[PDB]
Each structure stands twice: as structure tokens, then as C-alpha cells.
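Worksheet: the structure to be examined is printed underneath.
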Amino acid sequence: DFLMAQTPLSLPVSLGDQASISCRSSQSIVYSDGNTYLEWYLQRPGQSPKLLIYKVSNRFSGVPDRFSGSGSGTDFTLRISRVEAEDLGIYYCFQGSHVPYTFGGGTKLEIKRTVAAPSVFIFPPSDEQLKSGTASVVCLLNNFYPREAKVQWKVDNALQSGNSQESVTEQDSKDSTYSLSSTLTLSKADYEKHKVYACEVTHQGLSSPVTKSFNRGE
Amino acid sequence: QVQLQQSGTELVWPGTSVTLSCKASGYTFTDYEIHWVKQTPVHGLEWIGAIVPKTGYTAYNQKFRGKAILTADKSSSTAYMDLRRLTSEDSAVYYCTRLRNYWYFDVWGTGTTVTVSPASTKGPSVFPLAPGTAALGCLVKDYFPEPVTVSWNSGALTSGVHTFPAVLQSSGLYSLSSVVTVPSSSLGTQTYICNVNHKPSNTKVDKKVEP
Amino acid sequence: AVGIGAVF
């Protein structure tokens, strides 16, 4: 129903290179006045969305001429002729011809660099925390690229699911890597029931998945 | 100044309802529609619906029907959105933006964060994450609300530091880690202290982290 | 966008 299929989801680029983002509508979004109300917005971290292009091809006042847009009918493209540091963020196409209005799913424009494997570290729960009845086991993935990485927790060789949470930093301003932290949460009684605590990490930079582990009570 | 002034952060318990306000300034309120947008990591931007201040006419994205109620107050030049029966899926940043017919969303509010959680204000507990290159850190656990600040060695140690986005646990309390990589050689000599500040609870704690 | 209250 006038859904916008926006691709790709993430677009790694080098500064100075060209970037192209595409948005495809399930049916024609030409409005009955002959115009197509297809807009492009940019949202940078910590900021409101910002208008770039309206009526498919028109630059909003103040937008650099590096930005252009094109298409007709069901197919639309935003082009950045040369990407600059201030362009990084998430781009959204927006269909304003027919209610309900709809956004594309977003394209995260990011810095491309070479593959870098994570350095992996595992932390047992502190004795201080075990005094309070909970055990948190933490697995750190440091300075890796690209973003996709997978953490698998295992307790006495049994794979865990549903008991962990993780988060990932924003792309580092110096080296353009990411870091990831994962926490396995267990009750103290469960933690004292088992010996071997391990996190196995899969990443394109590793020849095979890497496991870091400790034995409870050294 | 042409602006849309949005109300402050909402920390709300599940099942309650909340009123968000969007105050128009520096232009004629009834010459523009007011549109509301929801922003989340998982769904990106979503169009909630809109109101025509001149007529009170509204239209909704059907996904938000029954969740959102839009009104517009001519005399105060303020648009409102009630969000009803809140769940964790309603946690988000909500924007209002204006639209003149056939133009575009040129001016946006700065967004209202809505945080749905059963918790109340609580200061964190800070636990050490103990170790060529070594990693060490602090686990900042069971606080509410965001944010907390973390520094290392009173802010002198910035190199190799990663402080992660907090995660919201099922208790409704946040948990956050901060780590630093340092030479393994230094672990006997040099001292490492994470400095944690949670202003809503006036919690300030330094934790020394040792092997 | 067109707007929800535009008519013609």
C-alpha cells in the first residue's frame, strides 16, 4: 500500500566517493496534479530529520549541490556526487502523495575501511556483585570491522539463548571500527552450579570462530 | 524564530497514558498542518498521522489508531498527541513537523523521548570488569533513568576507552559497560579508576579496577 | 507532501 522499498540498508563509502540510494514504490506515486511528492530526509545522530530533496529532483534551499535526486513512477534515486563527513547518517525516502504517507526503511551511510578482526575478552562476575544474588558475565569485542558480529554464549559447553543482551558503539572517529559488549545474566545460584563460561565470536576478520573462556573460581 | 517547541522527556509506567505537546512559534499556526513521526532503531521513521489546525480534521496511519490521539489548540498555537496504554514498543523519539499543502516538512521539533518502564529513579551499582594488550572495565548496573556518564582516571584516560549504549533489562532498569584497553605490562604498576555519575539519583562513585 | 486536508 504505497510501501517504499529502500535499498541498501547500509552503504559503506569512502569520503570523496559517490553514493547512490534507491527507493522503489509498490505502485505509481504520481499525484493527481501530475507531481510526484517523493522526498528525501537525512537524520544524523542526535538531530531531527532534515529535508534534502522534494518532488523527486528539487533541492531544498541550503542543501549542497552534491545532492541530487531522480526517478519517475515507481523508481527513485538519491545521489551524492562526492560524500563528505557531514553526510554520514541515515537517509529516508518519503512518499507524500497518498495517505497514509510512508517512509522508506532507511539507508545508513557509513565509512568503509578494511576488514579488522575483534580482540575478544571475557569477564567473570565480580565477587562484589555475587554478594547481591546476580551474576553478570561480560564478553567484549574490541575494534572490529565490518559491523556484523555474532556472540554465542556457552555454559559448560551448552549453548545459551534468551539470557543475554548486547550493544554496539558508533563507528569510531579515528579508526572507523566498532566495538560490542555482550552481557550474559544468570542468577547467582545458577552461576555457582556450573564451571566453564565461554563466549564464541564469529566475524569476517577471524579465520574461524574464536572462543574466550574462564573456569569459575579460577 | 520559526520553531516547533516540543515537551520534555517522558518517563512513564506501562499501561499509563501521556500527553505530548508541540508549540508553534514564529509563524501562523493555522496556515500549516502538524504531522507526527515516530523514530525507533527497529522501525526507523514512521508517519503516525496529522491534524489540520484550521478544521480539526485528522488522519491516522491505521497502525496507530487507538494508540495516538491528535488535537490542535488554536488559541494557544499548540498541537497535542496523547499516546495511550503505553508499552515498551511505544518507547521512541516522537517528532512534530509542519506542512503547508503541496510543500514539505521544512521545520521539525527537536523530538520528545518517551521511555516506558515500571522502574523509578534508582542509582547504579558499579562493579569491576577485571582482566600484550589487556582489557578492563566497569559494569554500571541497575539504574534508572538515562543517562550515566563514565570517565576513566577523572577523564585523563581517553585512549582505548569504549563506553557502550545501555540496555534496558526486564526489570525496567538499565545496565551499561565501559571498558579500556591498556598494555598488559602496566597492570601491576598503573591504577585504573572508572568515575560514574548518575545525576537523577545524585550518585557519584569511583571504582578502582584491579586484576 | 500533499497534506491530509488538501482538496481539488
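Residues are referred to by chain and number: the chain letter is A, B, ... according to the order shown in the C-alpha cells, the number counts from 1 in that chain, and ligands are numbered separately from 1 in the order shown.
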
Open item on the list: When you look at residue C:6 with a cut-off of 12 Å (counting only C-alpha atoms), what residues show up, excluding the ones that are within fewer than 6 positions of it in the same chain? I need them as a VMD selection string.
Closed with: (chain A and resid 32 to 33 97 to 99) or (chain B and resid 31 to 33 51 to 52 54 to 55 57 99 to 103)

Between chain B and chain A, at 10 Å or less, what are the per-residue closest atom pairs and their distances in Å? Count only C-alpha atoms, order by chain and rising residue number, and return it as a Markdown table.
| residue | atom | partner | partner_atom | distance |
| --- | --- | --- | --- | --- |
| B:37 | CA | A:49 | CA | 9.9 |
| B:39 | CA | A:49 | CA | 9.8 |
| B:42 | CA | A:105 | CA | 9.5 |
| B:43 | CA | A:105 | CA | 7.2 |
| B:44 | CA | A:105 | CA | 6.2 |
| B:45 | CA | A:103 | CA | 6.4 |
| B:46 | CA | A:103 | CA | 6.4 |
| B:47 | CA | A:102 | CA | 6.1 |
| B:48 | CA | A:100 | CA | 8.7 |
| B:49 | CA | A:100 | CA | 7.7 |
| B:50 | CA | A:100 | CA | 9.7 |
| B:59 | CA | A:100 | CA | 8.0 |
| B:60 | CA | A:100 | CA | 7.1 |
| B:61 | CA | A:100 | CA | 5.5 |
| B:62 | CA | A:100 | CA | 8.1 |
| B:93 | CA | A:48 | CA | 9.8 |
| B:94 | CA | A:48 | CA | 10.0 |
| B:95 | CA | A:48 | CA | 7.8 |
| B:96 | CA | A:48 | CA | 9.9 |
| B:97 | CA | A:49 | CA | 9.7 |
| B:102 | CA | A:37 | CA | 8.0 |
| B:103 | CA | A:54 | CA | 8.0 |
| B:104 | CA | A:54 | CA | 7.0 |
| B:105 | CA | A:51 | CA | 6.8 |
| B:106 | CA | A:51 | CA | 6.2 |
| B:107 | CA | A:50 | CA | 8.2 |
| B:108 | CA | A:48 | CA | 6.7 |
| B:109 | CA | A:48 | CA | 7.2 |
| B:110 | CA | A:48 | CA | 5.7 |
| B:111 | CA | A:48 | CA | 7.0 |
| B:125 | CA | A:129 | CA | 8.6 |
| B:126 | CA | A:129 | CA | 8.8 |
| B:127 | CA | A:126 | CA | 6.4 |
| B:128 | CA | A:126 | CA | 6.4 |
| B:129 | CA | A:123 | CA | 5.8 |
| B:130 | CA | A:123 | CA | 6.4 |
| B:131 | CA | A:123 | CA | 7.0 |
| B:133 | CA | A:119 | CA | 9.3 |
| B:134 | CA | A:121 | CA | 8.4 |
| B:135 | CA | A:121 | CA | 6.9 |
| B:136 | CA | A:123 | CA | 8.5 |
| B:137 | CA | A:123 | CA | 9.0 |
| B:139 | CA | A:138 | CA | 8.7 |
| B:141 | CA | A:136 | CA | 9.4 |
| B:160 | CA | A:142 | CA | 9.4 |
| B:162 | CA | A:179 | CA | 7.5 |
| B:163 | CA | A:169 | CA | 7.7 |
| B:164 | CA | A:169 | CA | 5.7 |
| B:165 | CA | A:167 | CA | 6.0 |
| B:166 | CA | A:167 | CA | 7.3 |
| B:167 | CA | A:167 | CA | 7.1 |
| B:168 | CA | A:165 | CA | 8.9 |
| B:169 | CA | A:165 | CA | 8.4 |
| B:175 | CA | A:183 | CA | 9.1 |
| B:176 | CA | A:167 | CA | 9.0 |
| B:177 | CA | A:181 | CA | 7.3 |
| B:178 | CA | A:181 | CA | 8.9 |
| B:179 | CA | A:140 | CA | 8.4 |
| B:180 | CA | A:142 | CA | 9.5 |
| B:181 | CA | A:142 | CA | 8.7 |

Open item on the list: Please identify the strand (DSSP E or B) residues within stretch 9-198 of chain A (assignment by DSSP from backbone atoms) and present them as an MDAnalysis selection string.
Closed with: chainID A and resid 10:13 19:25 30 36 38:43 50:54 58:59 67:72 75:80 89:95 102:103 107:111 116 119:123 134:145 150:155 158:159 164:168 178:187 196:198

Open item on the list: At a cut-off of 8 Å, using only C-alpha atoms, what residues contact stretch 5-19 of chain B? Leave out same-chain residues fewer than 2 positions from it and give the result as a list in words.
Closed with: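 Residues near the query, excluding close chain neighbours: residues 3, 21, 22, 23, 24, 25, 80, 81, 82, 83, 84, 85, 86, 87, 88, 95, 96, 109, 110, 111, 112, 113, 114, 115, 116, 117, 118, 119 and 145 of chain B.
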
Selection from above, N, CA, C and O atoms, as a compact mmCIF listing (two decimals), in the first residue's frame, can you write it?
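The result, stored in again.txt:
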# COMPACT_ATOMS: atom_id res chain seq x y z
N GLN B 3 9.70 28.01 14.77
CA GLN B 3 10.12 26.84 15.51
C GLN B 3 8.92 26.06 16.01
O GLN B 3 7.82 26.59 16.16
N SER B 21 3.30 17.66 23.73
CA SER B 21 2.87 18.94 23.19
C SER B 21 3.88 19.47 22.18
O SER B 21 5.09 19.20 22.26
N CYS B 22 3.36 20.19 21.20
CA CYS B 22 4.18 20.77 20.14
C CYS B 22 3.69 22.20 19.95
O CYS B 22 2.64 22.41 19.32
N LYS B 23 4.49 23.17 20.38
CA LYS B 23 4.09 24.58 20.45
C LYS B 23 4.68 25.32 19.26
O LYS B 23 5.90 25.35 19.08
N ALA B 24 3.81 25.89 18.43
CA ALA B 24 4.26 26.58 17.24
C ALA B 24 4.62 28.01 17.59
O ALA B 24 3.91 28.67 18.34
N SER B 25 5.73 28.49 17.02
CA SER B 25 6.26 29.81 17.31
C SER B 25 6.83 30.44 16.04
O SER B 25 7.50 29.76 15.26
N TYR B 80 -1.23 18.73 20.15
CA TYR B 80 -1.03 17.71 21.17
C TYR B 80 -1.15 16.31 20.58
O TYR B 80 -1.90 16.07 19.62
N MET B 81 -0.41 15.37 21.16
CA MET B 81 -0.60 13.96 20.87
C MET B 81 -0.68 13.21 22.19
O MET B 81 0.29 13.20 22.95
N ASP B 82 -1.82 12.57 22.44
CA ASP B 82 -1.96 11.62 23.53
C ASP B 82 -1.55 10.25 22.99
O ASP B 82 -2.05 9.82 21.96
N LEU B 83 -0.66 9.58 23.70
CA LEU B 83 -0.31 8.19 23.46
C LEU B 83 -0.92 7.38 24.59
O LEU B 83 -0.74 7.72 25.76
N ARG B 84 -1.65 6.32 24.25
CA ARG B 84 -2.48 5.61 25.20
C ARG B 84 -1.93 4.23 25.54
O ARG B 84 -1.37 3.54 24.67
N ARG B 85 -2.12 3.82 26.79
CA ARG B 85 -1.85 2.45 27.25
C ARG B 85 -0.46 1.99 26.82
O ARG B 85 -0.27 1.06 26.04
N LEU B 86 0.54 2.69 27.35
CA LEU B 86 1.90 2.59 26.85
C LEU B 86 2.50 1.23 27.12
O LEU B 86 2.27 0.63 28.17
N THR B 87 3.26 0.72 26.14
CA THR B 87 4.10 -0.46 26.33
C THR B 87 5.52 -0.13 25.92
O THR B 87 5.79 0.97 25.40
N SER B 88 6.43 -1.10 26.08
CA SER B 88 7.82 -0.88 25.72
C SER B 88 7.96 -0.60 24.22
O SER B 88 8.90 0.10 23.81
N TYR B 95 8.54 13.14 16.90
CA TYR B 95 8.72 14.47 16.32
C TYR B 95 7.37 15.01 15.86
O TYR B 95 6.52 14.26 15.38
N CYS B 96 7.19 16.32 15.98
CA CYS B 96 6.16 17.01 15.20
C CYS B 96 6.87 17.83 14.13
O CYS B 96 8.02 18.24 14.30
N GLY B 109 10.25 19.81 15.12
CA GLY B 109 10.64 19.93 16.50
C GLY B 109 11.90 19.11 16.77
O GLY B 109 12.36 18.34 15.94
N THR B 110 12.47 19.30 17.97
CA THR B 110 13.67 18.56 18.32
C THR B 110 13.36 17.19 18.91
O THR B 110 14.30 16.47 19.27
N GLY B 111 12.09 16.82 19.02
CA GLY B 111 11.73 15.46 19.40
C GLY B 111 11.52 15.28 20.88
O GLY B 111 12.22 15.88 21.70
N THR B 112 10.55 14.44 21.24
CA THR B 112 10.28 14.11 22.64
C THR B 112 10.58 12.64 22.82
O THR B 112 9.99 11.80 22.13
N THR B 113 11.50 12.33 23.73
CA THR B 113 11.80 10.95 24.10
C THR B 113 10.74 10.45 25.07
O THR B 113 10.43 11.12 26.06
N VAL B 114 10.15 9.30 24.77
CA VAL B 114 9.24 8.64 25.69
C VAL B 114 9.89 7.33 26.11
O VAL B 114 10.22 6.50 25.25
N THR B 115 10.04 7.12 27.41
CA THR B 115 10.69 5.93 27.95
C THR B 115 9.67 5.19 28.81
O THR B 115 9.27 5.70 29.86
N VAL B 116 9.27 4.01 28.37
CA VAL B 116 8.27 3.21 29.08
C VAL B 116 8.99 2.20 29.95
O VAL B 116 9.76 1.37 29.45
N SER B 117 8.77 2.27 31.27
CA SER B 117 9.43 1.34 32.17
C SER B 117 8.74 1.37 33.52
O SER B 117 8.35 2.45 33.98
N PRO B 118 8.59 0.22 34.19
CA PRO B 118 7.97 0.19 35.53
C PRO B 118 8.85 0.79 36.64
O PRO B 118 8.35 0.93 37.76
N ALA B 119 10.13 1.08 36.38
CA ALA B 119 11.08 1.50 37.41
C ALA B 119 10.82 2.94 37.87
O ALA B 119 10.09 3.71 37.25
N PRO B 145 16.76 6.88 35.59
CA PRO B 145 16.75 6.73 34.13
C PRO B 145 18.11 7.00 33.51
O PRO B 145 19.09 7.24 34.23

Task: chain C residues near chain A (10 Å cut-off, only C-alpha atoms) as a ChimeraX atom specification - done: /C:1-4,8

Dump as a PDB file, in the first residue's frame, selection limited to N, CA, C and O atoms:
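again15.pdb was written with the following content:
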ATOM      1  N   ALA C   1       4.836  16.871   1.108  1.00  0.00           N
ATOM      2  CA  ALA C   1       3.674  16.015   0.901  1.00  0.00           C
ATOM      3  C   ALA C   1       2.498  16.862   0.420  1.00  0.00           C
ATOM      4  O   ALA C   1       2.529  18.095   0.517  1.00  0.00           O
ATOM      5  N   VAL C   2       1.452  16.188  -0.061  1.00  0.00           N
ATOM      6  CA  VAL C   2       0.224  16.879  -0.454  1.00  0.00           C
ATOM      7  C   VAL C   2      -0.432  17.538   0.755  1.00  0.00           C
ATOM      8  O   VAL C   2      -0.773  18.727   0.729  1.00  0.00           O
ATOM      9  N   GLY C   3      -0.575  16.795   1.831  1.00  0.00           N
ATOM     10  CA  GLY C   3      -1.292  17.182   3.030  1.00  0.00           C
ATOM     11  C   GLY C   3      -2.644  16.501   3.110  1.00  0.00           C
ATOM     12  O   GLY C   3      -3.298  16.229   2.098  1.00  0.00           O
ATOM     13  N   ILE C   4      -3.075  16.210   4.339  1.00  0.00           N
ATOM     14  CA  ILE C   4      -4.301  15.429   4.506  1.00  0.00           C
ATOM     15  C   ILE C   4      -5.535  16.276   4.264  1.00  0.00           C
ATOM     16  O   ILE C   4      -6.601  15.732   3.948  1.00  0.00           O
ATOM     17  N   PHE C   8      -8.832  19.349  -4.210  1.00  0.00           N
ATOM     18  CA  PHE C   8      -9.232  19.899  -5.524  1.00  0.00           C
ATOM     19  C   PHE C   8      -9.421  18.761  -6.527  1.00  0.00           C
ATOM     20  O   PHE C   8      -8.497  18.394  -7.255  1.00  0.00           O
TER      21      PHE C   8
END
